[PDB]
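Chains as they are written, first to last, in the UniProt record's numbering: chain G, 7 to 156, 161 to 176, 198 to 277; chain X, 7 to 73; chain H, 113 to 196, 200 to 234, 238 to 334. Following: one structure in structure tokens, then a few remarks.
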Amino acid sequence: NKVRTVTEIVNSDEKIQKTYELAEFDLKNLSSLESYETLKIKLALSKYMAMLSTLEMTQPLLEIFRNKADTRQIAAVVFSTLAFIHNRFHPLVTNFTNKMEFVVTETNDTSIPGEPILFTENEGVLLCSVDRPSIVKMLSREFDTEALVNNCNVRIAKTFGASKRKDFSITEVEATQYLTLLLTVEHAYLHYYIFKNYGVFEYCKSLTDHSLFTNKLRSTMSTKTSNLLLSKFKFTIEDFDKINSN
Amino acid sequence: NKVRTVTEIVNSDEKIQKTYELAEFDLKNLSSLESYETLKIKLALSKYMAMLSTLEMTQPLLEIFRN
Amino acid sequence: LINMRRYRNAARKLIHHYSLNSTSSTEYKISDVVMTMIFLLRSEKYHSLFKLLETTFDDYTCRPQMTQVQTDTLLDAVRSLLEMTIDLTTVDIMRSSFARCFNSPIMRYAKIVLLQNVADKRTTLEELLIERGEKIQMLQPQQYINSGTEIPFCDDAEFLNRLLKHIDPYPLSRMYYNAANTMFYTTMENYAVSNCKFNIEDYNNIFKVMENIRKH
Numbered sequence: 007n008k009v010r011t012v013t014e015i016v017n018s019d020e021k022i023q024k025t026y027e028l029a030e031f032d033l034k035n036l037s038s039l040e041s042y043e044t045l046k047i048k049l050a051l052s053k054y055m056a057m058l059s060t061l062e063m064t065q066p067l068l069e070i071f072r073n074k075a076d077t078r079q080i081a082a083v084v085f086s087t088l089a090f091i092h093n094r095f096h097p098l099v100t101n102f103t104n105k106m107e108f109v110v111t112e113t114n115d116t117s118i119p120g121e122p123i124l125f126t127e128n129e130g131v132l133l134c135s136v137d138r139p140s141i142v143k144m145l146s147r148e149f150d151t152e153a154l155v156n161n162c163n164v165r166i167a168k169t170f171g172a173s174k175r176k198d199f200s201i202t203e204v205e206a207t208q209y210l211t212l213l214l215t216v217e218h219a220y221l222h223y224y225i226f227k228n229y230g231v232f233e234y235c236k237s238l239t240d241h242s243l244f245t246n247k248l249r250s251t252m253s254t255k256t257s258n259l260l261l262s263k264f265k266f267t268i269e270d271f272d273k274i275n276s277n
Numbered sequence: 007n008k009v010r011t012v013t014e015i016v017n018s019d020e021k022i023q024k025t026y027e028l029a030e031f032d033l034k035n036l037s038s039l040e041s042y043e044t045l046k047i048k049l050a051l052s053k054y055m056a057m058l059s060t061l062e063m064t065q066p067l068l069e070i071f072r073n
Numbered sequence: 113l114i115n116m117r118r119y120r121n122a123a124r125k126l127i128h129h130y131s132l133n134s135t136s137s138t139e140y141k142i143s144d145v146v147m148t149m150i151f152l153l154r155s156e157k158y159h160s161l162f163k164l165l166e167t168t169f170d171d172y173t174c175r176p177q178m179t180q181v182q183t184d185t186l187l188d189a190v191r192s193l194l195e196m200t201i202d203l204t205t206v207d208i209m210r211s212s213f214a215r216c217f218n219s220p221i222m223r224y225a226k227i228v229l230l231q232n233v234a238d239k240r241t242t243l244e245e246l247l248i249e250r251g252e253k254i255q256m257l258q259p260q261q262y263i264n265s266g267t268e269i270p271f272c273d274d275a276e277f278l279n280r281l282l283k284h285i286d287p288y289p290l291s292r293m294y295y296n297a298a299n300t301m302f303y304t305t306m307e308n309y310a311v312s313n314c315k316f317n318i319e320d321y322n323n324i325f326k327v328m329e330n331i332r333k334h
């Protein structure tokens, strides 16, 4: 809210009182935090793009996922993303230990809605199932590069305080594609983490209801690991209450 | 249902408690039993087929019963 | 006469939204629906799609029957309109969405809905899990890597800085919105095609979990 300060000389009683409104410092703090988080997320995204480049695949991401024949590259990209997320949670880890299998489904009767990437052991080693058609559909869905997204007082204050500044094939569309892939693989990684550390039955229960994620993860994630990418924003379904009533 | 375990050092009071859901072990046990029973039954069926072969009848079973 | 170009633009935007082919979200109105239908009627190219949608004016709880030639013509027309790829699944999605819109009554508040009536038997998530998992286990790994390995992190800090500069003008808010809605709409399509109820509650529970982890 507000505070005030009083200046006074030791030998004198003439005191000068000033008042401060903390809203200004609140704006400073909020702007600093927003900038810091934006920088962190952009750094992570750039790092992801850079390692994918390091793999040195000729085609762009969407073309790769469209090329059904070259399962090799799909598996490479998926594993690299999964390992990147794993390290982002455990920076000291740079490999994945146990070897990994991969399969690329091609039909609805082979895919599971809501979990394009999933895991299942063959009783000896873990296999990652990929819904390449779903990946292609997501990355191909037309994106909005125009509309903006969003207290009016602090909004105006930020508008008037913060400033603005007026050879890569990447547009905002490709950045969005990369972010979507990262988020999907992050969701899959959370499922896999719950699996590995709580058993296949717990993994199945999580698939049924993600809510268990709360405890099964926050026990370790919020404390020791970098926050989830989604943590950058609070997400919600438009007209959620009426939709639930429906 | 479920169980839990507590680890603690003799000289210290800092204890670590973990919980286990027995459903996983139940699945393990059920799968093991199912596989074992399937193997036994298939073994018996193969043994039956093999002894019938040992009798060395040219025709197949259904043809035999039709004749 | 009519502004066939403006009609076409409105038709394209409405079709994109009703086919979930664009994360872009904007207001729509009966004026837009009329734009769309008039454009479809006037266009010789799109007569088949016009007929399809017009059939929605009836009970609309029916599966249109088309020859393979008819289906190919319709898909070609739609693909040429949206310039993409596509599927008869998207055709059915548009049919259902437009049928719901046409049957809907004039109102002041846009009716927020979820995907419904695409692709008869209602299946639960559990049944889908069982069946899909069995089929997956039947499937065999197309490819694999060995144990260990090493994540191929980049090294060129100059390259990283160049990429950072290239991405700076991208609003994280817009990118997050686009990605989240892409995933949500693809999940919606999968559920509707599978004829399995979409668990709005769990989908939102995902973000609930995100917040609960963040707060700690």
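The C-beta atom is built at its ideal place from N, Cα and C for all residues, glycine as well.
Using Cβ-Cβ distances below 9 Å, what residues of the region 314-331 of chain H are close to chain G?
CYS314, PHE316, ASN317, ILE318, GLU319, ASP320, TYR321, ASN322, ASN323, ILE324, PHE325, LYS326, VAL327, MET328, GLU329, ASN330, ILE331
Between the region 296-304 of chain H and the region 132-148 of chain G, can you find at least three pairs of beta-carbon atoms closer than 8 Å?
yes
Between H:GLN261 and G:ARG78, how many whole angstroms is the CB-CB distance? I'm expecting something under 8 Å.
6 Å
For residue 158 of chain G, decide whether its Cβ has a neighbour in chain H, counting only Cβ atoms nearer than 8 Å.
The gap in chain G between 156 and 161 takes in residue 158 of chain G, so it carries no coordinates here.
For the alpha helix (DSSP H) holding G:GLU107, just list the boundary residues, first then last.
Looking at the DSSP string, G:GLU107 is not in any alpha helix (DSSP H); the run it does join, the beta strand (DSSP E), is 106-111.
Given a cut-off of 8 Å on the beta-carbon distance, is the pair G:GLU233 and X:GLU27 in contact?
yes
Output the distance between the C-alpha atoms of X:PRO66 and G:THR87, rounded to the nearest integer angstrom.
57 Å
Among residues of its own chain, excluding the 5 on either side of residue 335 of chain H, which ones have a beta-carbon nearer than 8 Å to its beta-carbon?
Given that chain H is displayed from residue 113 to residue 334, the structure contains no residue 335 of chain H and the question cannot be resolved.
Following the continuous beta strand (DSSP E) through G:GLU127, name the residue where it begins and the one where it ends.
123-127
Applying a beta-carbon distance threshold of less than 9 Å, which residues of chain G neighbour H:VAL311?
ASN114, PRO119
Taking the Cβ atom as the reference point for each residue, do H:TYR309 and G:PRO119 lie within a distance shorter than 8 Å?
yes
By Cβ distance below 6 Å, which residues in the same chain neighbour H:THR304 in space, the five residues on each side in sequence not counted?
none
Whether G:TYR54 touches G:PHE90 by CB criterion (8 Å)
yes
Counting only Cβ pairs nearer than 8 Å, list the residues of chain H close to G:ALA172.
Chain H residues near G:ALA172: none, gap ~13 Å exceeds 8 Å.
In three-state DSSP terms, what is X:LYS8?
strand
Which chain X residues sit within Cβ distance under 9 Å of G:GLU233?
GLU27, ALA29, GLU30
Suppose the cutoff is 8 Å on Cβ atoms and the five residues either side in sequence are ignored; what does the same chain contact list for G:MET63 look like?
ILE70, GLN79, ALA82, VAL83
Taking beta-carbon pairs under 9 Å, can you tell me which members of the region 248-273 of chain H lie near chain G?
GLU249, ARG250, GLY251, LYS253, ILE254, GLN255, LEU257, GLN258, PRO259, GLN260, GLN261, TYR262, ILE263, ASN264, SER265, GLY266, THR267, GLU268, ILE269, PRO270, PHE271, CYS272, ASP273
Given a limit of 9 Å on CB to CB distance, which residues of the region 214-232 of chain G reach chain X?
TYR229, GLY230, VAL231, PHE232
Can we say the region 166-180 of chain H touches the region 239-256 of chain H, given the rule of at least three CB pairs closer than 8 Å?
no
Need the endpoints of the beta strand (DSSP E) that G:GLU27 sits in, please.
21-27
In the DSSP assignment, the alpha helix (DSSP H) including H:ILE142 goes from what residue to what residue?
142-154
Can you tell me where the alpha helix (DSSP H) with H:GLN182 in it begins and where it stops?
180-194
Touching by the beta-carbon criterion (3+ pairs, under 8 Å), the region 208-227 of chain G and the region 122-135 of chain G
yes
Please check if any C-beta of chain C sits within less than 8 Å of the C-beta of X:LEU39.
In the displayed structure, chain C is absent; the protein chains listed are G, X and H.
Report buried or exposed for H:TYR288, applying the criterion of at least 16 other Cβ atoms within 10 angstroms of its Cβ.
buried
Distance CB(H:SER137)-CB(H:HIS128) smaller than 8 Å:
no
8 Å Cβ cutoff, G:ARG138 in contact with chain H
no
Give me the DSSP bridge partner(s) of G:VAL136.
G:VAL110, G:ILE123
My guess is that H:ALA122 and H:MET147 are in contact by the Cβ rule of under 8 Å, so how many angstroms apart are they, rounded?
4 Å
Quick check: the Cα distance between H:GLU195 and H:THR185, rounded to an integer number of angstroms?
15 Å
Could you work out which residue in H:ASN317, H:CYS272, H:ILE331 is closest to G:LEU61 when comparing CA atoms only?
H:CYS272
DSSP bridge partner residues for G:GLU148 (one or two, in chain order):
H:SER134
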